[PDB]
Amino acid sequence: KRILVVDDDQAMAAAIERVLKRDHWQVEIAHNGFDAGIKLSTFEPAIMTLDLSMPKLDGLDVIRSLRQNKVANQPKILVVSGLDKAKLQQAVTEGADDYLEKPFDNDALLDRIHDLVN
């Protein structure tokens, strides 16, 4: 029941955290790649939400590095789409498990999360 939220947008990351805390999830937030990298084995989560509109983080390369470094505890990757769609389609192709598109409901978030583990 551990969830890592990766987003540079602190207000959005906080808003995501609130909805997950209602649905009884333990949340950690990373605003950058390094912190996301560390928390992947320091917090050791089951699902990682990964925002694809981070100017200083490329989601594709996160997915790439995950499956090409033979990392243990490799979580389910829920990709959060926005401005781009070529990025989104090749993130799922690269190895994102499921996605959310802008805009998404709080229920659409939790149903995506529950479909990912069950």
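Residue numbers here begin at 1 and follow the sequence given.
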{"item": "Stretch with the greater mean C-alpha B-factor as recorded in the entry, comparing 2-10 against 109-117", "value": "109-117"}
{"item": "Stretch exceeding the other in mean C-alpha B-factor - 87-95, 25-33", "value": "87-95"}
{"item": "Residue selected from 38, 48, 54, 66 by maximal Cα B factor", "value": "66"}
{"item": "Lowest, middle or highest third - CA B-factor, residue 60", "value": "middle"}
